[PDB]
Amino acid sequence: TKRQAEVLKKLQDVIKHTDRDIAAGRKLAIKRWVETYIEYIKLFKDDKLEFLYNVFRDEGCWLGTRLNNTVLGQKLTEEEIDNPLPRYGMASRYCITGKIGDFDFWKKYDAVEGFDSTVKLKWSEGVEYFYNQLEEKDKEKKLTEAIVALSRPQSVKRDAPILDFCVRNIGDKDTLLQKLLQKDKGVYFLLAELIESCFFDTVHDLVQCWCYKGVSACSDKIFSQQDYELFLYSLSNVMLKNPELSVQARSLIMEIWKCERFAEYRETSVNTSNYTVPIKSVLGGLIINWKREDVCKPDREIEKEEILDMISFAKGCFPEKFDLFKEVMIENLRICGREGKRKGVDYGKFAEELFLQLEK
C-alpha cells in the first residue's frame, strides 16, 4: 500500500499544464488510471516508470482533463524505453482488436452485445469501442440505457467515468432528463456520482441545460428539497477534499443555490428551526475553504463576498431568526472537524467577525 501510494504520487507530479484546473483534473485521471491498472504496475521501479512518463508528459494522449484512450493504447503497445507492461494485457484492455498483441473477453461481438456487456463489466475502454461500432440510430438509446442503469443507489466509483462518457456523447440532453425522471431519484444519482469523481464540467453542462436554458421544466423542479440540499452538501465536501478545484466547485454551488427555479428551496435552506439550518455544512464549508492556508489561493476576497452575501441572504429572508442563525453557525464551526480545517484554531471567531462586518 505504501508502495502503491508512492506510485500514485510520482505519476501525478509529472503533469504540468498552464491552467491549474486542467492539471488537477489530470492528476485525478491518473489516479483513476492507476486504480484500474495497479496490479500491472504494482511491482515497479523508477527506471521502469520513465516509460509511463514519456506517454503521460505527451499532450497527445491527453484530451482535456481526460485521456485519449485510443492514443494511449497505441502508446502502451510499443515495445523509447521498454514497455514493462504486457502488450497483450494492454491491447486487450484497450480493445485494440486489430494489431492484437499476440506474441478473456478478447472473439468477435456484435455492437449491442458488447456495449451491454462492457457496461456490466465497468470497462470504460470497452464501452467506448463498442459505442463506435454501434449503429447511429441505436447510439442514443444505448447510452441512455447505460445512464439509467448506472445512476443507481448502490453504485461504485468506477461507474462515474462511464457515466461521464455517456453524457458527453448525448446529443439531446432534453430527452435524457425525461427518461431519467421516470427512475426514482435517477437525476440525483447521476449528478451526485459525477460530483464525487470531480467531473465538474459535465455537471455544469447538465445544470445549464436542465436548470438555466428555459422558462420551462411534470414537475417544475427537477430536484427535490432533499436532492437540492444534498447536492450542495456533497459539493462542499468535495471542495474541501480537492482544494485546487474549489473554484469549479464554488461556481457549481452558486449556480445550484442561486438558480431562480429553486428560489423557494433557497429560502428554505436558510430557515433556522430546531437549532439547525440546512445551509450549515455549505456555509461552513465556504468559510473553511476561505481560511485555508496550505494553498496559494488568488481571489480570497471573492470568496469572502460570497460568504457575506449568503449570510446577508439568510438575514433578509428570516430577520427574526438571525441571531439564532448566528449561534447555530458559530457552534457548528467549533465542532465540525472537517477536511481543510486547521486544528486548534477557532473557526467560530471568523464567523463572528463576518457577522459584525455585516452589521456595519
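Quick note: we count residues from 1 along the sequence shown, nothing fancier.
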Task: Unmodelled deposited residues between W290 and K291, binned - done: none
- [ ] Between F103 and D104, count the deposited residues left without coordinates and pick a bin: none, 1 to 3, 4 to 9, 10 or more.
- [x] 10 or more
TODO: Going by the average Cα B-factor in the PDB entry, point out whether 15 to 23 or 333 to 341 comes out higher.
DONE: 15 to 23
- [ ] Taking the mean of the C-alpha B-factors per stretch from the entry, tell me the winner out of 277 to 285 and 166 to 174.
- [x] 166 to 174
TODO: Check the PDB entry and point out which of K185, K179, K137, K213 has the largest C-alpha temperature factor.
DONE: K137
- [ ] Using the temperature factors in the entry, find which of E229, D201, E196, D82 has the highest value at its Cα atom.
- [x] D82
Task: Third of chain Cα B-factors occupied by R32 - done: middle
Open item on the list: What third of the chain does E125 rank in for C-alpha temperature factor, lowest, middle or highest?
Closed with: middle
Task: Within-chain third of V238 by Cα B-factor, per the entry - done: lowest
TODO: Looking at the entry's B-factor column for C-alpha atoms only, identify whether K326 ranks in the lowest, middle or highest third of its chain.
DONE: lowest
Open item on the list: What third of the chain does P319 rank in for C-alpha temperature factor, lowest, middle or highest?
Closed with: lowest
